[PDB]
Each structure stands twice: as structure tokens, then as C-alpha cells.
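Here the structure comes first, spelled out in C-alpha cells, and everything after it is commentary.
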Amino acid sequence: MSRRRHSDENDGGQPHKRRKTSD
Amino acid sequence: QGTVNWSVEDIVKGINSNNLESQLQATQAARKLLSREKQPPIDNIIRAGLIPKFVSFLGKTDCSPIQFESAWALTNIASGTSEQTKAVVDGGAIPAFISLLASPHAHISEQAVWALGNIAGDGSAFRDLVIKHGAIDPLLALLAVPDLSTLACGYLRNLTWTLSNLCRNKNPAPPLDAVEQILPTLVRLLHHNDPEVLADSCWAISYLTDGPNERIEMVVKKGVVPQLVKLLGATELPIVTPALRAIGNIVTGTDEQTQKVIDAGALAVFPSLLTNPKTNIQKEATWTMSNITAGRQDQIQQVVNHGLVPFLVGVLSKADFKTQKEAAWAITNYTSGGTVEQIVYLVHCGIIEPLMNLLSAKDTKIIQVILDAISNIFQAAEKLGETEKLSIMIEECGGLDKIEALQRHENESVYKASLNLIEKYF
């Protein structure tokens, strides 16, 4: 009766990309 | 001040000058535009046709500063929409960035790591394209040191982040051989002491275990489960969240994979997780529990032994609705697979009243789920001849009122389950 993650949910909300605004 | 707030027009003029220093100065000006707090003019830079120039500058071994400035500029273009990332890839940036991974200049190598992570972060196609161009070997070589602690913090964090994007996304999942290639380095990162590295390493593991049993097994066989359980108890929410995500993913696998989670001691952490002040943690934890109660009777027994049934009663009684739903699933699964004795224990812990109260929900499927659980519990009472005591317990807390009403519910399945319960026990 195991239920995997629903296809309509994201993978946890972490940013996919990052812009570098400082050094 | 010299390279601050140039117009795109002026940037183009400098870049088209064929004076390398003028080009460097203009590339830095572009970098600063693309690095500003608000609304970087990414499309304007793309429209000005600058990407091919920036890409060419990546190859200027003789002028490391323009390599860095252009890598930074390109990183930021690639950080935008899929169309903006595509523009960078279309300009030939992938192999050029991979070549820079070997740079003697750490800040340049790091910038290339970052850019490649943005590209891979776009989706499985670009992820897989970065892999085909051969990024994994040089990326892993940068981490091939005796002790990770010798690396600059920022550098290591960027490397971990880019590696996690290479583990990310499905349809399709990353190539099996790429995953196998990355895992040992990932396992090592999972034991590092920097909170940011730990968080991203856990995220990577969560992506890898979000898939069929074969994908889960690749990770579990590396022996990381005990470390994941340790991270599950971390103080930092940014670590607990991905650790729990991965543990939950693992227990969607076979009963043997689930046992590894139990054996590693994960259940002792659930009293805290199931009362965690972060709504999402309670929800994820209860979902995880529902997949554990879908296991074997000996695994349900361990849930019992760890005292987790009262915590499930708690969540059913009071939690965010999404969490209460996972709780309902946990109970239905439990009652479906449990022994008579285990099911009876459920009732003694007080499951019945909060189950009945949830029948007032406007969610059709959880009514089905709850009605299923009640059927299961009744079935267990039958074998004891105690059906009457349950019927009364259910009527006393207002449960019979709710069920009878559910005969004029417009869903077919709840219609049947309702009348059938009445017919049989009321």
C-alpha cells in the first residue's frame, strides 16, 4: 500500500538557479 | 565607479573594440549590470548579441581577468529563464566552462562550477547535456582531496550545489552511470561539518531516492541511511527538511529498504518530527509514517513499540489539514495490514473519536480513506465478537450521525461504504 510522491508536487522548493550578486 | 552603470550601448562599443583592455573593462561593466540587486537587464544583453563574445573570452587563457568577468556575466544570464539559459548553451558555453574547471585560478574554476550548475539546473535535457560534454570527471577531481576541510568554504559549497543539480530532476532521472560516478563523493560530502554542504548533499540524496526501487537501492547500498537518520535529528531546519525528504523517499521502496530505515533508528526521532512546529515537517513525517504502516506486521509492531501510535492520534486530532490527511492514510494502511491485536491497540489509544471528527471534511478521498479504516477496524472487532462495543463507541462520539448522513453524499464509493456500515453494524 506504499504511496510514492504525487507527480503534481515539486521536489521540495529549492532554487533551481542562483544569480551571483556579490564577490 | 569606472565600470558602474554603463549603458548596454557602451558595453557593446567596448566589446567590439578589439582592444583587449577595453573589452575587459566593458565585460566587467556588463558583469556589474547583471549583478545588480533589481531587474538585471538580461534580455537586453542577449539582444545586443553579447553571448558569443563572452563565450570567446572564456578561452583567453592569457587574460584571466576577462575569463572571470565573462564567466560571471554568463553565470548570471544562465541564472534566468529557460530561454535565457538556452541562449548561453546555444553560444557554446558548456564545453568552454568545462575547460575552465581545470583553471589554475580557483575563483575562475569556481565560477565555471557555478555556471554549469545553473545550466544543469534548467532541467533534465541540459543536465544530461552537461554530463555528455564530460563535466562530472573534472568536477569530482576538484573534490579529490584528503580532507574536505582544506577547501575554501564557498568553493566547496558551490561544488556541492552543482553536484546536487546533476542529481536533480526526472523524466528522465540522471543516467545510472553518472549517478554511480557521483555517489561516493556525495557520501563523503554527507559527512562534512558545514551546514550548507550538508543541506545540499541531503537534497541531492532526496532527488536520487525520488524514483523507482532500483534508484533507491543504489543509494541505500552505499550505506548512507544511518547518516541520514543522524541528520534527521539536526538542529537546523534546512538540514532536517531534505534529510526527512530522503528518508521518506527511501520508505516508498521495498519492505527491506524500509527496514534499513527502521534498523538505523529513524523511529526514535518521530516523536519530535510529528510535533514539529514547521507544518511541512509534520506533513512529511506523517506521510513517511503512512508508508511505514503500509509495511509488514513486524514493522507496524516497531511503530507500536516506539510509542508512535499516540502521536498519530495526536496528529489526527489536531494538525494542518494536509497533515491530518496523511494521518488518515497512516491509519487506513495500519488497519489494512495490522494484526487484530495491533488494530485493537489503535482503538485503545483513542483513534476513534478523531477519525469520526474528520468525517466532516469536504475532501472526498479522505472520507473514503476514513470509511475504509472503520471497515477494517470493525472486521477486527468481528473476530472478537466486540462489534457492539465499537458501534457504541462510534455513536457516543457523534460518529453514527456523520456516517448516516454520508448516504446522501454524491460520491458513489462513500455511498456504498456508508450504507454497508449501517447495514452491518447499525
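Basis for what follows: all heavy atoms, side chains included, without hydrogens, waters or symmetry-related copies. In what follows, every chain begins at residue 1, and chains take the letters A, B, ... in the order their sequences are listed.
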> Which pair of non-hydrogen atoms, one from B:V240 and one from B:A234, has the smallest distance, and what is that distance?
Replying inline: CG2-O, 3.1 Å
> For B:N169, does its backbone N or O pair with a side-chain atom of B:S124 as donor and acceptor, under 3.5 Å?
Replying inline: no
> Is the cationic atom of B:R168 (NZ for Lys, CZ for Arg) positioned less than 6.0 Å from the six-membered ring centroid of B:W203 and within 45 degrees of its normal?
Replying inline: no
> Can you tell if the side chain of B:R157 reaches within under 4.5 Å of the side chain of B:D194, non-hydrogen atoms only?
Replying inline: yes
> Can you tell me if NZ on B:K230 sees more than 12 non-hydrogen neighbours from other groups inside 6.0 Å?
Replying inline: no
> Can you tell me if B:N118 uses its side chain to pair, donor with acceptor, with the backbone of B:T75 under 3.5 Å?
Replying inline: yes
> Does one side chain, of B:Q181 or B:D137, offer a donor that lies under 3.5 Å from an acceptor on the other?
Replying inline: yes
> Mind checking whether B:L312 and B:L346 have side chains closer than 4.5 Å, heavy atoms only?
Replying inline: no
>> So for atom NZ, which belongs to B:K365, do other residues, nucleotides or ligands contribute more than 12 heavy atoms lying within a distance under 6.0 Å?
In response: yes
>> Counting C-beta onward and ignoring hydrogens, is there a side-chain heavy-atom pair between B:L143 and B:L156 closer than 4.5 Å?
In response: yes
>> With a 6.0 Å cut-off on the ring centroids, do B:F311 and B:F270 count as close?
In response: no
> Side-chain donor-acceptor pair under 3.5 Å between B:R36 and B:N5, yes or no?
Replying inline: no
> Just one of B:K322, B:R245, B:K283 clears the salt bridge (charged side-chain N to carboxylate O under 4.0 Å, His left out) bar with A:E9, so which one?
Replying inline: B:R245
>> Please determine whether side-chain contact (heavy atoms from CB on, under 4.5 Å) holds for the pair B:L208 and B:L186, giving the CA-CA distance in whole Å, both sets of side-chain angles, and the decisive distance to 0.1 Å.
In response: CA-CA 11 Å; B:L208 294 179; B:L186 194 47; 3.8 Å; yes
> If you take all heavy atoms of B:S35 and B:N76, which pair is closest and at what distance?
Replying inline: OG-ND2, 3.4 Å
>> Minimum heavy-atom separation for B:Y334 and B:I300, please, with both atom names.
In response: CE1-CG2, 3.6 Å
>> So B:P174 and B:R215, do their side chains get closer than 4.5 Å, heavy atoms only?
In response: yes
> Parallel, tilted or perpendicular for B:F378 and B:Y425, by the 30°/60° rule?
Replying inline: parallel
>> One pair to check against salt bridge (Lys or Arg N to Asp or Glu O under 4.0 Å): B:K86 and B:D90. What are the steps and the verdict?
In response: CA-CA 6 Å; B:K86 175 179 179 289; B:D90 287 2; 2.7 Å; yes
>> If I compare all heavy atoms of B:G80 with all of B:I42, which pair ends up nearest, and what's the gap?
In response: CA-CD1, 4.4 Å
>> Between B:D122 and B:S82, do the side chains contain a donor N or O and an acceptor N or O under 3.5 Å apart?
In response: yes
> Between B:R127 and B:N165, is any side-chain donor less than 3.5 angstrom from a side-chain acceptor?
Replying inline: no
>> Has B:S418 got a side-chain atom pairing as donor or acceptor with B:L406's backbone, closer than 3.5 angstrom?
In response: yes
> Any side-chain donor-acceptor pair under 3.5 Å between B:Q302 and B:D298?
Replying inline: no
>> For a 4.5 angstrom cut-off between non-hydrogen side-chain atoms, does B:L142 reach B:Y155?
In response: yes
> Run the side-chain contact (heavy atoms from CB on, under 4.5 Å) check on B:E37 and A:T21 step by step: do they pass?
Replying inline: CA-CA 7 Å; B:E37 184 193 331; A:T21 54; over 6 Å; no
>> Test salt bridge (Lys or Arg N to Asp or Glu O under 4.0 Å) on B:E284 and B:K278; report intermediate values, then the result.
In response: CA-CA 10 Å; B:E284 284 277 311; B:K278 294 308 166 313; over 6 Å; no
> Does the B:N158 side chain pair with the main chain of B:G154, one donor and one acceptor, at a distance under 3.5 Å?
Replying inline: yes
>> Is there a side-chain contact (heavy atoms from CB on, under 4.5 Å) between B:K402 and B:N357? Walk through the geometry before answering.
In response: CA-CA 8 Å; B:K402 311 254 215 312; B:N357 286 343; 4.0 Å; yes
> Just how far is it from atom CG of B:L116 to atom CH2 of B:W161, taken to the nearest 0.5 Å?
Replying inline: 10.0 Å
> To the nearest 0.5 Å, what is the distance between CG (B:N44) and CG (B:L34)?
Replying inline: 10.0 Å
> With distance as the sole test, does B:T293 use its side chain to make a donor-acceptor pair with the main-chain N or O of B:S290 at under 3.5 Å?
Replying inline: yes
> Between B:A327 and B:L316, which heavy-atom pair has the shortest distance, and what is it?
Replying inline: CB-CD2, 3.7 Å
> Could you give the distance from CG (B:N420) to OH (B:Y415), rounded to the nearest 0.5 Å?
Replying inline: 12.5 Å
>> Between B:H409 and B:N411, do the side chains contain a donor N or O and an acceptor N or O under 3.5 Å apart?
In response: no
> With a 4.5 Å heavy-atom cut-off, do B:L159 and B:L163 have their side chains touching?
Replying inline: no
> Within the distance-only criterion (no hydrogens, no angle test), does the side chain of B:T252 pair as donor or acceptor with the backbone N or O of B:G248 below 3.5 angstrom?
Replying inline: no
>> Please check: side-chain N/O of B:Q299 versus main-chain N/O of B:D255, any donor-acceptor pairing under 3.5 Å?
In response: yes
>> Can you confirm whether B:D372 sits close enough to B:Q368 that some side-chain heavy atom of one is under 4.5 Å from a side-chain heavy atom of the other?
In response: no
> With side chains defined as the heavy atoms from C-beta onward, is the minimum distance between B:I250 and B:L228 less than 4.5 Å?
Replying inline: yes
> Is the backbone of B:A78 close enough, under 3.5 Å, to the side chain of B:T85 for a donor and an acceptor to pair up by distance?
Replying inline: yes
> Atom NE2 in B:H107, atom CG in A:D23: separation rounded to 0.5 Å?
Replying inline: 8.0 Å
>> Once rounded to the nearest 0.5 Å, what's the spacing between atom CG of B:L189 and atom CG of B:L198?
In response: 9.0 Å
> Is atom NZ of B:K260 surrounded by more than 12 heavy atoms (other residues, nucleotides or ligands) closer than 6.0 Å?
Replying inline: no
> Stepwise, does the side-chain contact (heavy atoms from CB on, under 4.5 Å) test hold for B:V414 with B:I403?
Replying inline: CA-CA 9 Å; B:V414 348; B:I403 306 181; over 6 Å; no
> With no hydrogens and no angle check, is any side-chain donor or acceptor of B:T241 less than 3.5 Å from a backbone partner on B:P238?
Replying inline: no
> Looking at NZ of B:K170 and CZ of A:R5, how far apart are the two atoms once the value is rounded to the nearest 0.5 Å?
Replying inline: 9.0 Å
> What are the two closest non-hydrogen atoms of B:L33 and B:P41, and how far apart are they?
Replying inline: O-CD, 3.6 Å
> Between the main-chain N or O of B:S206 and the side-chain N or O of B:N249, is there a donor-acceptor pair closer than 3.5 Å?
Replying inline: yes
